[PDB]
Amino acid sequence: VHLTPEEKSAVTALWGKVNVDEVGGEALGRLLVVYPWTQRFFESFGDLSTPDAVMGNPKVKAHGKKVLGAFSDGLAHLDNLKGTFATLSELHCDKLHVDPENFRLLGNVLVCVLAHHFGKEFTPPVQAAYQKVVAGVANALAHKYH
Amino acid sequence: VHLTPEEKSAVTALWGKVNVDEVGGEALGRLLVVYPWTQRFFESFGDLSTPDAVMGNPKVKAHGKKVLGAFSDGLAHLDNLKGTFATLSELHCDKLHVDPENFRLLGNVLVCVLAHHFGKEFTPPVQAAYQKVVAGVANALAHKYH
Amino acid sequence: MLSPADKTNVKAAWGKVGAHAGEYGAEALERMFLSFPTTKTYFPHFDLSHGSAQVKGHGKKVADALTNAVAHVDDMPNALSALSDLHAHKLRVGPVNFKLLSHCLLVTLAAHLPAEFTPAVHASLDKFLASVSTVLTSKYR
Amino acid sequence: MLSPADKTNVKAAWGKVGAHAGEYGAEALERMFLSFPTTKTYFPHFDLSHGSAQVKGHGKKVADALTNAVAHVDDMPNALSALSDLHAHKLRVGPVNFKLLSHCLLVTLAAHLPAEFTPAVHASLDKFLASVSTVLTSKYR
Ligand code: HEM
Ligand code: HEM
Ligand code: HEM
Ligand code: HEM
């Protein structure tokens, strides 16, 4: 990432206001709903048949909180994402077999979710800093693929 | 880029067999033909109305060799394509207004041309290493866009 | 293709945009310029400064075209033919940029329509913007 | 939209492929796995090793469907419905990958049909694979 200091502060201020539990559930559900193909990985989660079925599925909510948990950690090591995400990268590749393009889709969904949540507070320039950040994370998560 | 000595050798040796003049004129013309919107930067070149007209246009041909030339000089700095292409990157941004996505199209066109030319010699493993270089070059060229 | 559901979602959300379409179009452009700087290569002739009248003017134009696609949701290919011709033959915008704008259009609506921007509406708006993009790029080659 | 020249071009080119389509299928897959290692995420159950019977077998299958599409260049949507089905609802391959296999298929054709891989044929084949791609990812949502 190429985060100016003022971008780094704006990322962090806002992130301070986020309820990772909820945002996490929202981003993951929205991903499964907007890009139905990403459902391939959660066939054991049950019913993902309709939007209410996904958004309210306790398994989706739980997972989402896990994912965003790992993401917030990443936000504290913005200096060493590849480092921070190495073991997870290996897992996604080698055990899970998740196509890394899925990580960029999640990034975009999350940026819509933050826009959804903060309204006007999510200014043009705050989004530019977050774009850099989600791109960074997706890259980090894909770094170990082979 | 992140080329293995083995992969470094395969790139290096195939290249040594390259007639820059021909490959360059052909990479650039195939680009203008396969992806017609790239012609917006060569209005002044003339008649690009037909495959035959692009392939024949000497302005096109001569631009192709100037492009492969710089590309060629870059394979000598695989450890720092960024510093090698910095000024060219500023130029493409600040003076030419060329969308970096075009860098990627060219790259692919380039790989098609090498295959075209080297048939058998251009094996899966050799293409793999060239794919990493064209990505590498495209990335370095886009590096100074703002 | 857009389902009846999708069409209802889009008309409803766009319905709410109403008279702000102009301002939202301008906003989507600004976000796009800031987040995906490579898109600026297409507007070398514009004052891209904050609150450029050029951008404002340009945003209305875009918004007006989207409003027109919603109005003709069952005949987009024809309702948009002109603009397809323009983007393919004169502007020659590379395809990938369309997805960048779509995404910022999505961001703007989310930021302004908290209540209507449900998972279902989000999915519908995404498919819609993808279809518009498909039309504008249909005459490329 | 494939023009009459395009369909001709495509038909010509594939005509020369002939008894080798299977081999070219296989080779393209091999080139994709090597060049775009992320594509391997969709074949965890295959032996991706050089000259694996699984890859060969699969190469055939892909070649044959391509063949079938050249034959129904005019009615693609209809000729590949099952395949559009399979990929959309069963496989769920992400759309980006279709561009990766397409490219590797060009490369392979380039490498084996020197004489027939002219700039005009190259453009036609590209548009063809794109069309096949669109068809195969049309029921995604
Ligand atoms: C921000 C990007 C992501 C982060 C930080 C992240 C993080 C995590 C974490 C911490 C786990 C649990 C690890 C374990 O079980 O040992 C996990 C599991 C998993 N992730 Fe990711 N993830 C991300 C994106 C995605 C996406 C986009 C997909 C699929 C579209 C995905 C698919 C999975 C699956 C299928 C599992 C295992 C679920 C199970 O327990 O069955 N992840 N992820
Ligand atoms: C491998 C990628 C590329 C390399 C190494 C490269 C390199 C060069 C070089 C060395 C010049 C010389 C101009 C000068 O020094 O003033 C040039 C000019 C130019 N390039 Fe690139 N280029 C690349 C890709 C592209 C692409 C893909 C396009 C458009 C599709 C493009 C458009 C131009 C234009 C319009 C000029 C100016 C030519 C003129 O003055 O008539 N370049 N490039
Ligand atoms: C869904 C997406 C889009 C819509 C609805 C749209 C619509 C329009 C409209 C209505 C105009 C004005 C034409 C006139 O003067 O009547 C225009 C012009 C233009 N558009 Fe698009 N467009 C879209 C995507 C894009 C993208 C992605 C780019 C580049 C990133 C782009 C670049 C341009 C440029 C450079 C002009 C001409 C500006 C000028 O000099 O005034 N367009 N577009
Ligand atoms: C050029 C476009 C493509 C065509 C024509 C095509 C065609 C086919 C065919 C004919 C089959 C076999 C169906 C059967 O067994 O009856 C198949 C299966 C499959 N395809 Fe596609 N395919 C294409 C693109 C892709 C891409 C890009 C991917 C992944 C990156 C992919 C992944 C798969 C997988 C994983 C299978 C099942 C493999 C197995 O378990 O045997 N396909 N495809």
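Counting begins at 1 with the first residue displayed.
Per the header of the entry, the method used was X-ray crystallography, 2.2 Å.
Even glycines carry a Cβ here, placed using N, Cα and C.
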Query raised in the report: From D:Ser35, D:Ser52, pick the one Swiss-Prot annotates as phosphoserine?
Result: D:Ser35
Query raised in the report: Among the residues D:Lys16, D:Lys127, which does Swiss-Prot list with the feature glycation site?
Result: D:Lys16
Query raised in the report: Out of D:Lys40, D:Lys56, which one does Swiss-Prot list as glycation site?
Result: D:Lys40
Query - Candidate set D:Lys61, D:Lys99, annotation glycation site, source Swiss-Prot, matching residue - result: D:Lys61
Query raised in the report: Which modified residues (D:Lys16, D:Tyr24, D:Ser35) come close to chain B, taking a Cβ gap under 8 Å as close?
Result: D:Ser35
Report summary line: Spatial hits near D:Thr108 (phosphothreonine) (Cα distance within 10 Å) out of the recorded positions D:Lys7, D:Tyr24, D:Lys56, D:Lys60, D:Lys99 come to D:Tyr24
Report summary line: In all the protein chains shown, the tally of other Cβ atoms within 10 Å of the Cβ of D:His58 (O2 binding site) is 17
Query raised in the report: What Cα-Cα separation, expressed in whole Å, is found between D:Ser138 (phosphoserine) and D:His87 (heme b binding site)?
Result: 10
Requested in this report: Based on Cα distances to D:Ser49 (phosphoserine), point out the closest of the recorded positions D:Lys40, D:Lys90, D:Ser131.
Outcome: D:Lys40
